[PDB]
Each structure stands twice: as C-alpha cells, then as structure tokens.
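Here's the letter readout for the chains.
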Amino acid sequence: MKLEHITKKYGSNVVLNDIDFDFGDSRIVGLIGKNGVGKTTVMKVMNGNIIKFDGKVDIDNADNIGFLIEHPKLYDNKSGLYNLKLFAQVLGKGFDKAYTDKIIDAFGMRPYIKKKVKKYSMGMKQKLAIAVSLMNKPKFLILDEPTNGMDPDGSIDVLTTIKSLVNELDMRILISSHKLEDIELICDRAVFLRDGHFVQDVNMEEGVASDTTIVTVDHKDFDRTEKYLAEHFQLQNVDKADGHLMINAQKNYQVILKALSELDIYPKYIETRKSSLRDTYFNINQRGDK
Amino acid sequence: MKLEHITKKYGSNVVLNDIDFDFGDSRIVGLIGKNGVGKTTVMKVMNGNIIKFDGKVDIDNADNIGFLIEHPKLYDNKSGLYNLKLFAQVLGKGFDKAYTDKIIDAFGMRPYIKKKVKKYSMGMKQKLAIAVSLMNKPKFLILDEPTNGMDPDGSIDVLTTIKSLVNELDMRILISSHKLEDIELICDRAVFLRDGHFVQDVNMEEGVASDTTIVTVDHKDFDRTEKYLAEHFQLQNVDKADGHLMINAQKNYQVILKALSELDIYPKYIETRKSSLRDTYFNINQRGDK
Amino acid sequence: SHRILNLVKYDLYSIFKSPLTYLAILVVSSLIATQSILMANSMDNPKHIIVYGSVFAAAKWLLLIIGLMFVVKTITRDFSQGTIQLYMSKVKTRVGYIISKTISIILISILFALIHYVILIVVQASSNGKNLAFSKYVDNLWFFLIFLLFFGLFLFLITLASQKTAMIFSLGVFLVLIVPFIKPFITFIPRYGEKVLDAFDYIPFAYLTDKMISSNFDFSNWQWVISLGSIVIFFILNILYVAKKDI
Amino acid sequence: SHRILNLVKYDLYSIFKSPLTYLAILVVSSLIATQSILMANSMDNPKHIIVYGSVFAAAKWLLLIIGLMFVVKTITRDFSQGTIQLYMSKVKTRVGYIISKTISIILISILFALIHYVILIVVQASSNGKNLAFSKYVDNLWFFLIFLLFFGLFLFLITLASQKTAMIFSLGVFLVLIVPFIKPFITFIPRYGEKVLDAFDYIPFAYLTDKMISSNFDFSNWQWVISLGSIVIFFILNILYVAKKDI
C-alpha cells in the first residue's frame, strides 16, 4: 500500500499538500494532528471514500480493507449478533464460527451479546464496532478513535488485546487516536500532521529512548540560558511557551550549576527523563496558535 | 456544601454505600473512577436531579448551581447566541451584555457564535455547553466529561481559561473526567470512587510521605548541606557512604538551590520521585479486572 | 418570578416565528373557502343565503385537531431534545416548570380561539345572511379552554412518565379519532349496549369528543363537576409526581 | 459475486420479520372485503353478481402505494442510519451495491404482484361471476415492474444526491398524489391546456400516474420505447455517479 504525491483541495482552500507515505518494516503507526487539519480527510482517502484526490494510490484488488471511522455504524433497531452476521457475510468471504467466537471471547461482549444495540452504552458500542472491523479479515486495519468514551482501564485492556492479535494475524496497524500517552504504550512509529504535509516521522523500536535533560525557567531568563547552551553544547529541542529547554542526557550537573551560579541566574526545575511523544507534539504544533 | 450518609439501591443492587463529601479549602476537585461505577449517579445526586437520597442534603436557597452532564444540550435548529439568551432568561437573574461578552470573547467562539447548531462540530458544542454553565453565574460548577471532543492543545486552553475564571471570581468546581494527566495540571485534590465509596483522597499540594527527592552532593560539602536541610525541613534517612539525602517532595527548587549556590555547593545529582495519578489509579483500580 | 414568565413568553414567540403556523392557517382557510363556495354555489338558494352552523362546526373541528397537535409538540420539545435535565434541578424550578407549561397551554388555547373568531368574522363579513351572537363565541372560548387543558395535562402526565415522543403523537391522534369510528359499532354488543351507551355520556373522553362536532355548547351540572374535578386531580397528581420523580 | 446475493437476501429477511407488512396485508384485505360486501349487498342485484374492475383498481392502488413506501424505505435505510460508508469502499462494491439494490426492488415488485394475484384469486373464489384471464394478471405484473423500477431508480438517485430521508418520503408522496389532483385544473390555463394535455402523453410521470387508476395496461409503441429508454438512462447515470462521486 503506497501513496504518491497526494494533493487534495476544496475550491480555493487547500486541505492536503503533496504528502508521501509508506509502511516500512513497522506494525503499529500513529497519526497525530489537530481538528480540521485534514485528519479525517486523510483517513477518508485511506479508507477509500474519495476518488477525485488527483494522485496515485497503489492498492491491490486481491487485498481487503477493514476500517473504523468517526462514529460506530450499526443497525440500531436490530441486534448485535445480527450485525456481526450481516457484516461477516456481506464483507468477508463467509462466516467462520470459531474465528468470530475467538474474537468475541477476547473482547468480552458475551454477557451482553444477545441484547439490542440501542440498549448498549458508548464503550460497548465502540468495542462491538472494533469487532465489526476485524470481521472483514483485513490485511490492514485502521481505526479512528477506538477509545473515545471509554475509561483508562478499558482502553489499556483493549489496546493490549489488539497487540495480542497482531501476531496470529499478519497485521499492519494505523491508529489516528488522540491521548498520546496510551499510544506510547503500543506504537512502533508516529507521524505528525501540520499544514497538510507530514513534517516529522519518529520511529521507535528498542528502548534506547534517546534520554534527555529538561530544564524549566521563565522566559526573561530563557533567552540568556538558550544563548549559553547554544554557545556551549549542541541542542536538540526548545519550547518557548512553557520555558522548557530539552538538551540531551547529562550525567554531571556540576559544570552547569557552577556556570549558572557565576551567572547569578537560576533555573526553576531540573530533571533527566525518558522521552515521550508529548514533547515532540508540543514542539511541532504549539507554533500555529500560541 | 456537604453530603452525609448517602446510600442508593436499585432493588437489590447497591450503587452508593454511606459516602460523605465536603469542599474543604479546595477550589478544583477531581472525581476518578471506572465506567458504570455510579459516577453519573454521584453527579446527579449532587446536581439535585435525584430525589430519593436516603440521606441529607443541605442547600441554601441563595446559591446558584451550574452543571454540564454527558452530552451537550442545546436547541439544534436555533443559533448559539439564542442558546445564551434563552438560558440567561430561564436559569439566571437576567441578561447582561458585558458579562456574556466576557465569556464569549475569552473562549473564542465569536466568528461562529451566530451560526445554527445543526452545523457545529463536536468540540465547539462542548465549549458552548461550558459557556452555558458559566452563564448561570453559579456558586458551584459540576462538569461531567467537559473535554471529550477537543485536541490536546484545545483542551489546555479550555482548562487554563476555566482556571482563569476560578481566579477572577469565587467558584468551587467538581470535574469528572478520564485522561487524568490533564486533570493533574490544574486541580487541588482528587477523590477516587470504588464500590460506591471514596476509597482514597489525595491532596496534591501537600503530597504523600512515600514521595521522596534524592539529592547527592560531594563528601566534603555533605556537612554543610545536612546543616541547611536540618535547619529548614525534616530529614528521614541520611547516607554518607552513598552521599544521598532524601527529603519531602517540593514542587519548586528555587529556594533550595539558592541556598546551596550561596554556600558554594554544586550537587552531584538531583531528581525527584513522585506519584502521579496514573500510579495511584492503577494501584487502587487493578483489583477490578486483574 | 422569572421562572413562570420566561417559558410561556418564548412559546408565543416560537409560534409567531414558525412557518408551519401560517402554512396551517393557509390550508385551513383554503378548505373553509372551498366548502363555503361549493355550498354557496348550490342551486337550492337563488338569494345566496348561507347558514353558518356547518362552517362553524367544520372550522372548529379543524382548529381543534390542529391546536391539539401544536400543544403536543409544544409539550414534547424538551423531552425530544433531552434538555429536560437542565430544567429538572430543584423542586422550586420543577413546580414553576409545571405551572409555566399550564399557563402556556392557556395562551395557546386563547390564540387559537382568536384565529377561529377571525375566520368566522371574515366569512360572515364577505357573505350575506344572519349574524351570530357574542354568547356563541364566548362559549366557544370556554370549550377551547376545557378541551385543551384536559388533554394537555393528561398528555403531559404521559410524557413525564414515558420520556418517548412518537408515542405521545400516536396517543393524541388515537384519542381524537377512535371514538367516532367505534361509536356506530358499540351498540351491537348483546344485552350491554344500553348500559355502555348511557355510560358513554359519563366518560369525559367520550362526551368531549362527541360534543366536538356540535354547533352549540351545553353541559350538565354533573358533567361540569366531573370536568373541573378531573382538571384538579390531574394538576395535583402532576405536582406530586413532578416533585417525587427522579431522572 | 457474494455481495450482490447477500444484499438482496438480507432485505427480504427484513421484510419477512417486521409486523407492519402483515398489518398492511390485514388493512388491505379489510378494505377490499368492505368494498366487496358493499357491492354484494346492493339492492339492484338479487343474484350477488360482482364486477371485478372496481376491486382490481382499488386493490391495485392500495397495494401500489404500500409497495412504493416499502421500496423507498428499503432504499433510504442505510442513508438514514449512516451505515452506508461501510458499503462505499471500492469501485466493485459501488457497482455491486447499485445492482443488488435494483435486484431487491425487482424482488419486492414480483412478491407484491404475487400477493395481489393471490388476494384477487381468493376474492373471486369467495364470490361468483365471470373469472378473468391469465394475460391480465401477467400484464398487471409487468405494469408493477415498470412502475416500481422507474420510481425506485429516481428515488435512489435523489437519495444519492441529498443523503437525507424526510424529503424523499415527502417527494415520493408529492409526485404520486399531486398530479391526479392537478390534472382537472390544467384545462383552465389560458390557451395552453390543449398543449399540456397532448404533451402529458410523453411525460413519464403524467401517463404512469394516470394509468395507475386504469384496469388495463394498454401501451403505445412510443410510450414503451421512452419508458425503457428512461430506465436505461437512469441506470447508466446512477452507475456513473456512484463511481465518480466522492463522499
């Protein structure tokens, strides 16, 4: 599955601008961005709802696509087992009892599998919708906010179950969910979307994690410390709004504190910690609004 | 504002069992629990919506109550400005242009305050619901999932603006929400709900005694550092062979590093060990399913 | 103090601001004009005399089933959007809510009576004949009040108990239309027909619907007592249930 | 080829499980029985002779209006519930979707024609008179097929363009019931009444609705060619728009 030179526009307004994308040796990829930047447009392009996108999409006809979009789609009047039966027959090659039973047992909807969907709640409907997505037997399964109105325990359990499904079936996953701290638990690579193009592509495989040191101080002092650290060491990232300065992992604090003491200016908060996706997200996208 | 000995039963299923609650020297409080534990029941009893308390509720008539529950409630065919006027005449004392204008200008829905609700998206409507809650001029604000449709950057501006109104006037807030790391940003205390009662209560300014900050300094400076710490705070364990002293958690490092820089001291290492809401949540809540 | 006036004030504004109110008036006026022209162009009377009883009854019937539908819609709007939770907060608000809805019902009934008066006045003004009496319109106003008050409070109890909106519309249509269809066939029941026919003169639903198509308004003392008592029991029960129900 | 058979198979199951289908059959049977009883109990015929044109026309009109509502409902079900985006993945799916929906329309039409045939058989068996001919029932089936196919494709196109439902129901009712109402006043139009009456024999809506009441399916050559051409053009346009429209 490859994308080449996609540029989608709505009249004078431009929504997607010359992106490239490829699943390179990775199983779980996260897509992160704001609201109305073209996250749903990109997802609709990926799923197949838009044909007049003016580019080239490399997909195979023998390969099926199972998807989850903005809201669960179900027959509200009828029952859940009817929904599973209908989408397994209509979309898959047929109905497999053992396969569907295994999916039902792992996700846990059996106590409430025989009651009508209109009597369900939001988390139950979302889990059932995820089951509808796996009903297709996909090679690529893409989910748009699978954990919207569900509690932390439920979300951790659901993502772990999805991870356990990734080895019995040959799966490549794209998740465009918010709440990035649940994403760092299960993700192999993250992509950040700003102004349509894919600006940065962070890939994480092993736990080296590129340890860093965080120094926090107010803006009127942040300029001078920034000058000192650019004149002395080599810097990876800076955050102006929070006064967050993110240098690499430093073992000895002696030379920084003696120099800042002889400088008479002082920092508010200092630590060394494992990196996450939150620093990168704020660094890329706090720039358009604040 | 007190709740005393509240018990609720549905037939033979007991949802709440002798729960007490009190707003003590706190402005922002957090409600944390699972899905379907009876959180919406706690907000509804506190909202005055439920009538069969099987307990006691003490309410002064002069105090106003403002609330937001599960989904925003507005008139879809009518405009947003219309919602503000209607809810001003029905719940408040009247309508004032300056006060409503102040809510409208700070949140940011001015370009689109005059379109019909049928055309809004999910995140804009949540902000409009929040605006109605502040429109009431309440003495107590009770919000049930205020951030279920906005991006992280959108969420931080909304919570910071909410905090700003907490400071400009006098309000007590009750917030129930998942994705607890944004709650810890602005909150004074959190209460955890399990089996119908508040099992654990955490005050964030004061901390817990298990919380430690470990500072290691050189052997020659150890005596002077110990003297300063003995003057200022409580010391539990001291290790000369290690060179490490653990003291109680402090959010600000300013006074401590000022004093050591005044005494020509540069610590070998500094770090803090703190418990977040994720650690407390998992410690209380893993007994549920695992 | 604000609680009673704001809800009632906005229903009249929504009435004056909706397009369906004028679509309904144009439809009803067209029907009445067609009926009057067809009856007036008949060859029995060369002097173009018109009897206003048939026009009175037909216009009254149409306006009653339309005012009934406007009342059910007005009372189920909040339950339809699920905004009733914002109103269901304190006991004082819960009672001002019920009181405001009743006052809104009174003004909508008064407004529909005024439209009926206007239609009859224009029809009498255009044609030639013998004018009516002021007592007929005042009795028509009172009849509007009892019918609409009774059905609106009953249907309000139903909407509070059920929190479903389609069922209310069906029950309203059922209560207006089941009795004229059943009435010729009730008599054929063996050895109980006289008893049921006389007891239909005692059931409030039955005699209010029988008298909906009548051209003159008259009641007995027992009928007046039962109707006023029924209004009072529904109002009291509504207050108690609204102050004792939990959402 | 699994998607085409599965879509037609599930609509039939949805028809066979709902109780409104058997409520419509009871209502239709009750109306035909009342009409037959009225014709049989008339005082002119002592031999209980019944002519079958009136029952044919009445049953045809009622059953046609019920079948029309059933096809529009089946067509807009997915667009009402929003599940349509699962059916819009690939190109082969968009074409199999339109073909399967048309096949479902055909199945609904044949089943409704068969029901009308069976019902008329039992009415004829109950009464006495002159039985009809097989060519009449077959030609009735063809008229059912043509009407339902044309209207189903038109409403399918409107629901593709608008993706809504209340307009679709109102629009279907508007085209079926406004033209018989509108036709008498057309002559009153100055100097264009004759032109509109002659041109109405080539407008598909006008003669299909006029011929709806009729007990015979006599068609001219031009009428047959233009109706078939309209069906083919609508099908081709639907296929092209479903394969070139972006959601």
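From N to C terminus, chain C includes 10 helices and zero strands. Secondary structure elements of chain C, listed N to C terminal, follow the sequence α-α-α-α-α-α-α-α-α-α. Projected onto its principal axes, the C-alpha positions of chain C cover 65 × 55 × 30 Å. Considering chain C as a whole, with its 247 residues, one finds that 40% of them fall into the buried category.

The subject of this paragraph is the environment of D218 of chain B. Considering the arrangement of structural elements, one finds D218 of chain B in the loop between β10 (212-216) and α6 (222-232). Along the backbone, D218 of chain B and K85 of chain B are 133 residues apart, and their C-alpha atoms lie at a distance of 67 Å.

The next thing to look at is α6 of chain B. All names here are of chain B. Among all positions in α6, only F222, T225, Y228 and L229 are buried. The buried residues of α6 all sit within an arc of 130° when viewed along its axis, so they share a single face. In α6, the exposed positions that point more than 90 degrees away from the buried face belong to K227, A230 and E231. The inward-facing, buried residues of α6 abut β11 (238-239), β12 (244-247) and α7 (254-262).

Counting from both sides, the interface comprises 30 residues of chain B and, opposite them, 31 residues of chain A. The largest contributions to the chain B side of the interface with chain A come from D151, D153 and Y266 of chain B, which together make up 20% of the buried area. Remark: the boundary between chain B and chain A carries four salt bridges. Residue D151 of chain B pairs with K34 of chain A through a salt bridge whose shortest N-O separation is 2.3 Å. Our count for the contact surface shared by chain B and chain A stands at eight residue pairs in polar contact. Elements that contribute at least two residues to the side of chain B that touches chain A include exactly α5 (152-168), α7, β13 (269-273) and α8 (277-289) of chain B. Partitioning the side of chain B that touches chain A into residue classes produces 11 nonpolar, seven polar and 12 charged.

Our next topic: the packing of helix α4 (residues 91-126) of chain D against helix α9 (residues 221-242) of chain D. Residue and element names in this part refer to chain D. Where α4 meets α9, the closest approach of the two axes is 9 Å, and the angle between their N-to-C directions is 145°. In this structure, α4 crosses over α9, and the sense of that crossing is right-handed. Across the interface between the two elements, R94, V95, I98, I99 and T102 of α4 pack against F235, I239 and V242 of α9. When grouped by side-chain class, the residues that make up the contact of α4 with α9 number six nonpolar, one polar and one charged.

On to the interface of chain B and chain C, then. Contact residues are listed per partner, giving 24 residues for chain B and 20 residues for chain C. In total, chain B and chain C occlude about 2,000 Å² of area from one another, counting both sides; carbon and sulfur atoms represent 53% of this. In this structure, the connection of chain B to chain C is made through zero salt bridges. In terms of residue count, helix α2 (residues 80-90) of chain B provides more of the side of chain B that touches chain C than any other element does, four residues in total.

Right, let's talk about the pattern of salt bridges for a bit. Following the criterion strictly, the structure yields 27 salt bridges over all chains and no others. For the salt bridge of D101 of chain A with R110 of chain A, the shortest nitrogen-to-oxygen distance reads 3.0 Å. Its relative accessible area of 30% is what places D101 of chain A among the partly exposed residues. Relative accessible area serves as the criterion here: at 43%, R110 of chain A is assigned to the partly exposed category. Across the pair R77 of chain C and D11 of chain C runs a salt bridge, and its minimum N-O distance is 3.2 Å. Pair noted here: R77 of chain C is in helix α3 (residues 52-81) and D11 of chain C is in helix α1 (residues 2-17), with a separation of 66 residues, a long-range link.

Across soluble globular proteins, nonpolar side chains show a tendency to be buried alongside one another. Core analysis: the biggest nonpolar cluster contains 103 residues, and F21, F107, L134 and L174 of chain A together with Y87 of chain D have the highest contact counts within it. The biggest single contributor to this core is helix α5 (residues 134-162) of chain D, with 11 residues. The contacts of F107 of chain A, once residues within four sequence positions are left out, are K127, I130, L134, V158, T161 and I162 of chain A. Core analysis: the next-biggest nonpolar cluster, separate from the first, contains 68 residues, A131, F140 and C187 of chain B together with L7 of chain C among them.

Below, the discussion takes up the environment of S214 of chain C. Residue and element names in this part refer to chain C. Checked against the element boundaries, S214 lands in the loop between α9 (204-210) and α10 (221-242). Looking at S214, the relative accessible area reads 18%, which means it is buried. A polar atom in the side chain of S214 sits 3.3 Å from the side chain of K211.

The next subject is the side chain of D63 of chain A. Take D63 of chain A: it is sitting in the loop between β6 (56-58) and β7 (65-68). Summary of buried charges: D63 of chain A has no salt-bridge partner, and the nearest side chain of opposite charge, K139 of chain A, is 6.4 Å away. Sequence-distant contacts of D63 of chain A, that is, excluding residues within four places in its chain, are made with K139 and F140 of chain A together with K90 of chain D.

With that settled, the discussion passes to the packing of α3 of chain C against helix α6 (residues 134-162) of chain C. Residues and elements named next belong to chain C. At a closest axis distance of 10 Å, the pairing of α3 and α6 adopts a crossing angle of 30°. In terms of their interaxial angle, α3 and α6 are classed as roughly parallel. Helix-helix and strand crossings are classified by hand; for α3 and α6 the assignment is right-handed. In this structure, α3 uses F56, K60, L64, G67, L68, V71, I75 and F79 to contact α6, whose residues at the interface are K136, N140, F143, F144, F147, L148, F151, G152, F156, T159 and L160. Class assignment for the residues of the contact of α3 with α6 results in 13 nonpolar, four polar and two charged.

Residues and elements named next belong to chain B. Overall, mixed pairing links the six strands, which are arranged β5-β6-β7-β3-β8-β9 in an open sheet. Two strands close off the open sheet at either side, each with one partner strand: β5 (65-68) and β9 (197-203). Strand after strand, the sheet turns through a mean of 15° between neighbouring axes, direction not considered. Across six bridges, strand β8 (residues 189-194) lies against β9 in antiparallel orientation. Of the residues in β9, the one forming a bridge with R189 is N203.

A word on unusual backbone geometry. Residue and element names in this part refer to chain B. A positive phi angle, near 55°, is found at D54, a position not held by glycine. By the element assignment, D54 lies in the loop between α1 (39-47) and β4 (56-57). For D195, which is not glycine, the phi torsion reads 60° and is therefore positive. Looking at the secondary structure, you find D195 in the loop between β8 and β9.

Right, let's talk about α1 of chain C for a bit. If you check α1 of chain C, its first and last C-alpha atoms are 22 Å apart, about what 16 residues at 1.5 Å a residue would give, namely 22 Å. Of all the positions in α1 of chain C, only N6, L7, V8, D11, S14 and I15 of chain C are classed as buried. Buried positions along α1 of chain C lie against α2 of chain B together with α2 (20-40), α3 and α5 (91-126) of chain C.

Here we take up the sheet that holds β12 of chain B. Residue and element names in this part refer to chain B. Strand order across the open sheet formed by four strands is β11-β12-β10-β13, with antiparallel pairing between neighbours. Either end of the sheet is taken by a strand with one partner, and the two such strands are β11 and β13. Bridging between β11 and β12 involves two bridges; their strand directions are antiparallel. Its bridge partner lying in β12, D239 is registered against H244.

As paired strands, strand β1 (residues 2-10) of chain B and strand β2 (residues 13-22) of chain B are joined by seven bridges and run antiparallel to one another. Opposite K2 of chain B, over in β2 of chain B, you have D22 of chain B as the bridge partner.

Tallied over the full model, the rule gives 45 aromatic pairs over all chains. Between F154 of chain D and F205 of chain D, the aromatic rings sit 5.9 Å apart at their centres with planes inclined by 45°, giving tilted as the arrangement. Taken together, the residues span a long stretch of sequence, with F154 of chain D in helix α5 and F205 of chain D in helix α8 (residues 204-213) at a distance of 51 residues. According to the relative accessible area criterion, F205 of chain D is partly exposed, its value standing at 30%. Through a chain of ring-to-ring contacts, three or more aromatic side chains come together here, namely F143, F147, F150, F151, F154, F205, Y207, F217, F219 and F234 of chain D. The ring of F56 of chain C has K136 of chain C lying over it, and the distance from NZ or CZ to the ring centre is 5.1 Å. The ring of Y82 of chain A is capped by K17 of chain D, whose NZ or CZ atom sits 5.5 Å from the centre of that ring.

About the thresholds
- Residues numbered from 1 in each chain as written, not as in the entry; some residues may be left out.
- Chains lettered and ligands numbered in written order.
- Heavy atoms only, no water.
- Helix = DSSP H or I, 4+ residues; strand = E, 2+ residues; numbered from the N terminus.
- Buried < 20%, exposed > 50% of the residue type's maximum accessible area, 1.4 Å probe, protein only.
- Arc of directions from axis to C-beta.
- Contact = heavy atoms within 4.5 Å.
- Buried area = accessible area lost by both parts, 1.4 Å probe.
- Salt bridge = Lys/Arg side-chain N within 4 Å of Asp/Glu carboxyl O.
- Polar contact = N/O pair within 3.5 Å; in protein donor to acceptor, adjacent residues only side chain to side chain.
- Nonpolar A, V, L, I, M, F, W, Y, C, P; charged D, E, K, R; others polar.
- Axes fitted to C-alpha atoms, helices over the stretch in contact; angles between N-to-C directions.
- Left-handed = near helix turned anticlockwise from the far one by under 90°.
- Core = buried A, V, L, I, M, F, W, Y, C linked by side-chain atoms within 4.5 Å.
- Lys, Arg positive; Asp, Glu negative; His and termini not counted.
- Parallel < 35°, antiparallel > 145°, perpendicular 65-115°, else oblique.
- Pairing = 2+ DSSP bridges.
- Expected span 1.5 Å × (residues − 1).
- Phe/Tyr/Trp six-rings, centres within 6.5 Å; stacked < 30°, edge-to-face > 60°.
- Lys NZ or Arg CZ within 6 Å of the ring centre and 35° of its normal.

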